[PDB]
2 protein chains.
Amino acid sequence: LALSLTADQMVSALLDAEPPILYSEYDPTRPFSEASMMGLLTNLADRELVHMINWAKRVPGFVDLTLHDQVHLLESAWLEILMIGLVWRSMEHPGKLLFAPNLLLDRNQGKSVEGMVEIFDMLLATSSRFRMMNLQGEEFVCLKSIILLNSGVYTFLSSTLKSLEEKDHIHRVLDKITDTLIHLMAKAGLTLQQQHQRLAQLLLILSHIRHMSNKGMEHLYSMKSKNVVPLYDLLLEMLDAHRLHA
Amino acid sequence: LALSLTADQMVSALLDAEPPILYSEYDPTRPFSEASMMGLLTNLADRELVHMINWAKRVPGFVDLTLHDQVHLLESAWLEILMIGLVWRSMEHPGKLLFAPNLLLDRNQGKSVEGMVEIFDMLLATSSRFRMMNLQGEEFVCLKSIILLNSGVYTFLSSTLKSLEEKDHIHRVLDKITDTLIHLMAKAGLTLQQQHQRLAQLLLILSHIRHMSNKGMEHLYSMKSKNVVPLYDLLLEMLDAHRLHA
Ligand SMILES: CS(=O)(=O)c1ccc(-c2ccc3cc(O)ccc3c2Oc2ccc(OCCN3CCCCC3)cc2)cc1
Ligand SMILES: CS(=O)(=O)c1ccc(-c2ccc3cc(O)ccc3c2Oc2ccc(OCCN3CCCCC3)cc2)cc1
């Protein structure tokens with residue numbers, strides 16, 4: 001059970017669950033100004049989503065939830081999760097965003113699309129903040145898991161017995177991850193005061209990531225009019241897998 | 001200086017700075033269905049803003065910032081601050097939002113305006129969460145101050161020496177407030193583990209408040225087309241006061 005795991009077990013579980021870093025899909029031997037910037041990012045995001053679902057399934061406690069609740073959590077968090085991942089891998093590239101190892105973009109390369117330069121600036125600022133705090137890999141995987149579990153937990157539709165039990169489980173797992181973050185900081189030499197200060201600093205950054213996701217979704221919604229399968233149904237199909245391959 | 005204050009001094013400073021509870025402005029002796037719901041809330045919000053500025057000025061550390069930075073912080077946080085205040089005074093009114101003592105509204109009374117019922121539901125859910133956590137007045141005033149200082153701090157435009165010093169000051173004050181929250185929880189009997197768990201639970205709610213503010217601003221922006229003085233300039237005029245009354 002997830003609630004039985006120790007701090008070091010939680011960390012190992014999260015580190016092991018980490019998804020791969022994907023590459024942008026474009027011909028390296030052709031003029032760049034030819035390729036659609038938003039086309040490249042959309043394709044990347046869509047491929048990453050598949051791996052995000054595998055990752056979520058390996059976050060302790062996640063698969064203990066109902067399918068419906070798992071979908072709701074990912075539907076609310078997916079863009080924040082993409083964004084915190086980007087910021088993490090951009091940390092050692094000041095002034096640039098490492099969307100993919102073969103797609104490193106600077107501020108001015110977002111002007112091709114509306115609202116993009118503003119979001120790029122916010123993402124760059126978050127990466128600067130992490131660099132400045134010297135964020136560690138173990139801390140990063142805790143934060144990404146907190147995002148998955150927290151972002152949609154205040155927007156649950158139901159209030160049935162089952163929903164109450166679901167929320168309680170989510171909050172117990174979140175408490176576990178808080179314990180894990182504190183543990184990592186204790187093992188890195190920080191005093192108690194430094195521990196709760198750093199915890200608060202990290203969790204306050206999650207509000208900015210929420211803000212970035214909201215602003216991004218504003219523009220994506222003006223932009224995404226494919227009139228096709230709703231994200232919920234797409235997430236469900238991917239999450240609701242058989243065990244005929246297991 | 002704010003950075004010199006003790007936990008109990010911080011708490012007393014914040015409690016003393018608390019703004020008044022205002023009343024909705026409408027004739028109690030006339031048909032309700034006559035009054036504009038959005039008209040009543042807008043008028044209330046506009047009057048509260050004036051008192052919010054006095055409050056901000058009394059938050060330790062705030063007036064140490066440049067006028068420009070003070071404005072930026074309030075411009076980014078004002079709706080979150082209105083919302084957390086509402087949720088706080090609605091805490092003991094399950095199912096209802098106490099916008100004012102003479103304006104207690106339930107879910108169904110938001111349907112008059114677009115997007116409103118959704119925001120009402122999110123606000124009600126936040127109030128339920130606070131009730132459920134048994135949020136205390138001392139904790140509430142810390143959270144509202146954290147919102148003021150944090151919401152706009154990742155969106156500072158400049159990177160001058162002065163801006164670096166401003167950000168450092170804001171983060172030191174935020175650390176002070178974290179210490180104060182932990183102190184209050186220590187003095188309420190919570191164990192160390194319970195302390196960092198409750199701190200994280202409270203700060204994660206701030207992400208939902210950010211989300212609510214974003215969604216609210218989406219609809220207010222479709223709705224506010226007064227073509228008049230920009231909020232920044234209005235905030236500046238109110239913040240940039242002479243000391244001819246002091
Ligand atoms: C216009 S904007 O300026 O506001 C804007 C806002 C955010 C991003 C952004 C940010 C961080 C990313 C991190 C990554 O690791 C990979 C791609 C990232 C990314 O590109 C997209 C593109 C399309 C999309 O959604 C559309 C495709 N698809 C919809 C269904 C769910 C999966 C995504 C979602 C993200 C870009 C632009
Ligand atoms: C359409 S919506 O469903 O999304 C929507 C979204 C949020 C609110 C909301 C929420 C919490 C409030 C707490 C309070 O204590 C008092 C009023 C509150 C309130 O009403 C307004 C009305 C107008 C406004 O801004 C316009 C007026 N003015 C602009 C300049 C700054 C000050 C506010 C700002 C808040 C209502 C409706």
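Because only heavy atoms are used, hydrogens play no part in the values below, and waters and symmetry mates are left out as well, while side chains stay in. As the structure lists them, so they are numbered: ligands from 1, and atoms in each ligand from 1. Lettering of chains follows the sequences in order, A, B, ..., and the numbering in each one begins at 1.
Residues B:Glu48 and B:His51 have side chains not in contact (no heavy-atom distance under 4.5 Å, counting atoms from C-beta outward). Looking at heavy atoms from C-beta onward, A:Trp88 lies out of side-chain contact with A:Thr126 at the 4.5 angstrom threshold. With a 4.5 Å cut-off on side-chain heavy atoms, A:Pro60 and A:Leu14 count as touching. Looking at heavy atoms from C-beta onward, A:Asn150 lies out of side-chain contact with A:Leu206 at the 4.5 angstrom threshold.
Using a 4.0 Å cut-off between charged nitrogen and carboxylate oxygen, A:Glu18 and A:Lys144 count as a salt-bridge pair. Between B:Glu25 and B:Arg47 there is a salt bridge, since at least one side-chain N of the basic residue sits less than 4.0 Å from a carboxylate O of the acidic one. With salt bridges taken as basic N to acidic carboxylate O contacts below 4.0 Å, one links A:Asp121 and A:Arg107.
Closest heavy-atom contact between A:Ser151 and A:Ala77: CB-CB, 3.9 Å. Shown here for A:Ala100 and A:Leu44, the closest heavy-atom pair between the two residues is CB-CD2, 4.3 Å.
Considering only non-hydrogen protein atoms, atom 35 (C) of ligand 2 sits nearest to B:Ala45 CB, 3.8 Å. Looking only at heavy atoms of the protein, atom 19 (C) of ligand 2 is closest to B:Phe99 CE2, 4.1 Å. When hydrogens are left out, the protein atom nearest atom 3 (O) of ligand 1 is A:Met116 CA, 3.1 Å; that is the closest non-hydrogen contact. With hydrogens left out, the protein atom closest to atom 11 (C) of ligand 2 is B:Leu86 CD2, 3.8 Å, a heavy atom.
Between atom 1 (C) of ligand 1 and the options A:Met223, A:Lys226, A:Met37, the minimum heavy-atom separation is to A:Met223. Summarising the contacts of atom 31 (C) of ligand 1 with A:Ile119, A:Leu231, A:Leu97, the nearest heavy atom is found in A:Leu231.
Taking a cut-off of under 4.0 Å to the non-hydrogen atoms of B:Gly115, the atoms of ligand 2 that pass are 3 (O). Ligand-side atoms of ligand 2 in range of B:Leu82: 13 (C), 15 (O), range being under 4.0 angstrom from any heavy atom. Atom numbering of ligand 2 starts at 1 in the shown order; those under 4.0 Å from a heavy atom of B:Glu48 are 14 (C), 15 (O), 16 (C). Interface of B:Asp46 with ligand 2, defined as ligand atoms under 4.0 Å from a residue heavy atom, comprises 27 (C), 28 (N), 29 (C), 32 (C), 33 (C). Interface of B:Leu220 with ligand 2, defined as ligand atoms under 4.0 Å from a residue heavy atom, comprises 23 (C), 24 (C), 25 (O), 34 (C). Every atom of ligand 2 with a heavy atom of B:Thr42 under 4.0 Å away is listed here by number and element: 22 (C), 23 (C), 27 (C). Residue B:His219 has at least one heavy-atom neighbour below 4.0 Å for each of these atoms of ligand 2: 1 (C), 4 (O).
Annotation: B:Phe99 is in aromatic contact with B:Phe120 [ring centroid separation under 6.0 Å].
Residue contacts with ligand 2 include B:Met38, since one or more of its heavy atoms lies under 4.0 Å from the ligand. Contact annotation: B:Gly85 has no heavy atom less than 4.0 Å from any atom of ligand 2. Using a 4.0 angstrom heavy-atom cutoff, B:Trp78 counts as in contact with ligand 2.
Of all the heavy atoms of B:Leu41, the ones lying under 4.0 Å from any atom of ligand 2 are found in both the backbone and the side chain.
Inclusion of B:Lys224 in the set of residues having an N or O under 3.5 Å from an N or O of ligand 2 is not warranted. Residue A:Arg89 places at least one N or O, backbone or side chain, under 3.5 Å from an N or O of ligand 1.
Note: A:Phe32 and A:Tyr26 have perpendicular aromatic rings, judged against thresholds of 30 and 60 degrees for the angle between ring planes.
Using a 4.0 Å threshold on non-hydrogen atoms, atom 8 (C) of ligand 2 does not count as touching the protein.
The 12-atom threshold is exceeded at CE of A:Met133, counting heavy atoms of other residues, nucleotides or ligands nearer than 6.0 Å.
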